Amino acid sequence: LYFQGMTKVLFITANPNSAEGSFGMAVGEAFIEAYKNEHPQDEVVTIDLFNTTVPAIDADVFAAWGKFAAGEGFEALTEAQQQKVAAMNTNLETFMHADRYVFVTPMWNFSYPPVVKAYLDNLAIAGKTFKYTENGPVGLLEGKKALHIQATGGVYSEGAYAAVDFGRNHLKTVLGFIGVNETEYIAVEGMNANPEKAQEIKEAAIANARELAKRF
């Protein structure tokens, strides 16, 4: 074809179990298939954070960032610093070039798996996703939309317990800091607080995901 432009969607998952053993992954796959049937041509790339190199910010990264500030190039870094920065570049560039993001995270001790924090630490880079201005920082990503699907044993979406929903709230905060302010949230909650009605909660969340896909 003469034109190669298309909407790029990133299906970012952070759950070790598959869709058959995870409520979050089950609703995540239902939203993706419903989005594909509504949006052909659009590309959907899956990113499993448990099988993706996500370097944590450590002494090598600070040392690598320091040499970059001193005007030095990539060759000045050690081999260990080179492999970490390159993997951080790939994660950042792939996220910046996409248009739609879909996060699937389970709640482990009031927050997400730790690899989600390292992944966000790979995305928040000054000069790339946000810039400093006279009136504080400003996110750089424009024309982006994000969906977060979180599965929790208890119920956190409504009530006072939304204050301890740290995984959901911190993800929304970082997304807005890099310019992704148009977000959507689908809660898959209560399958373990009341196991007798866990399948109804899953089925209701699937219907909630299939409706959002036609307008997302």
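The first residue of the sequence shown is number 1, and the count goes up from there.
The mean Cα B-factor in the deposited entry runs higher for 190-198 than for the other of 190-198 and 12-20. Looking at 135-143 and 86-94 together, the entry lists the larger mean B-factor for 135-143, computed on C-alpha atoms. Listed residues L175, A70, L49, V164 were ranked by CA B-factor as deposited; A70 comes out on top. In the PDB entry, a CA B factor belonging to the highest third of its chain's modelled residues is recorded for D42. Annotation for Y35: C-alpha temperature factor in the highest third relative to the rest of the modelled chain, per the entry. When the modelled residues of the chain are ordered by their C-alpha B factor, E182 lands in the middle third.
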